[PDB]
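For this one, two forms of the same chain are given in structure tokens, first as structure 1 and then as structure 2.
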Structure 1
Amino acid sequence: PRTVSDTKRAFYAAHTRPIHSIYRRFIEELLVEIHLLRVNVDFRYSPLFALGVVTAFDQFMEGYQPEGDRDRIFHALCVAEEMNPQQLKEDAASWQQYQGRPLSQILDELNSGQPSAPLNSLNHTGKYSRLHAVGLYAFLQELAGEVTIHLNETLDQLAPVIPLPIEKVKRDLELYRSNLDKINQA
């Protein structure tokens, strides 16, 4: 059975250059989190998870130095998790087709019952991660700027429409947002 230890060894075999301790802590926490999702019988990859992994990684790595290693680290992280970094990157990018839209047009597409991909991945059943909350926030950021300024109102509008558990999303986004600067502190 493949263990977290196997995943970490794969990571360090794929990226051998030094990583500062501050960032090894964040990267290993992410490696563990993804591994534990994959072993969960109720978890199924979707573009919402992809977007969340890419967003979370990009945010904690925004100050990473040496910056030229950041893409190699992402590659290594994905292959260590038996994922394809190019698939995650394309799935994250696929949300950009929603750029500018008001929330009303998104709701209309959900309510049609046959939303396009990747919007359809907001109809999330099976195992929920905080990464899916991160992913939702990144999507909402593509929409009309109104939407994430009034995050409260937006989340409340989504709650009767999608099965993603919006009370856990609120919780997880408050944590994520409140902790943006912690990696820059002692």
Structure 2
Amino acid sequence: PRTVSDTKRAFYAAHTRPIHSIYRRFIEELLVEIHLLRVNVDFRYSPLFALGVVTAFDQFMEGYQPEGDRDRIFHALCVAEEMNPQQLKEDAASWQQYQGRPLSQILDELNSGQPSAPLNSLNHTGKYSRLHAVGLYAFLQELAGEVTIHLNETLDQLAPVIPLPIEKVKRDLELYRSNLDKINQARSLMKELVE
């Protein structure tokens, strides 16, 4: 008496090619992007980079089932890149320190000549990546004053303080927000559907 599982396995033996997934696309694109950046001689690891990778990953993976496989995938992503996943998570989590602080105290601390870690990593990023912008974005969201609303006006205030290319960052962060909106719409439609 042939079982459901026998039928599924017969299918997969007859079609061995991987099944298309938007999640597979996100993971592979992020693997490629971290790889290409990281072979570059001007790439320097920083806690800002760690925050960007972790935010990018957490935000495109929030609908993924089963939820246990998120950290398994994240772990596998980091070993694939020859990176320490625990180190990224700690560095990302070290920005929690700045939760609820006002923008004025951040800007002042950056002009002081002795900003704390990981805030100081805005001067030591190395070669620029859109992941640095995602990290910056995540950091700003956790400040007080809901500083992300008129984001382009906020980024102008950081421009004379930090050496990130603010025109690139503005451009990259309008793409990321636009894309995340559309992924959220799509995911709620499939969340509605699966009922």
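The term rigid core refers to the most C-alpha atoms you can superpose between the two forms while keeping them within 1.5 Å. Here, a residue number simply tells you its place in the sequence of structure 1, counted from 1.
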ask   = So with the core overlaid, does the Cα of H35 end up 2 Å or more away between the two structures?
value = no
request  = Determine whether the C-alpha of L175 shifts by 2 Å or more between the two structures once the rigid core is superposed.
outcome  = no
inquiry  = With both forms fitted on the core, check whether the Cα of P163 differs by 2 Å or more between the two structures.
reply    = no
ask   = Taking the rigid core as the frame of reference, how far in Å is the Cα of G145 displaced between the two structures?
value = 3.7
ask   = Once both forms share the same rigid core frame, by what distance in Å has the CA of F11 shifted between the two structures?
value = 24.8
message = Could you state, for a rigid core superposition, the Cα shift of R130 between the two structures in Å?
response = 0.2
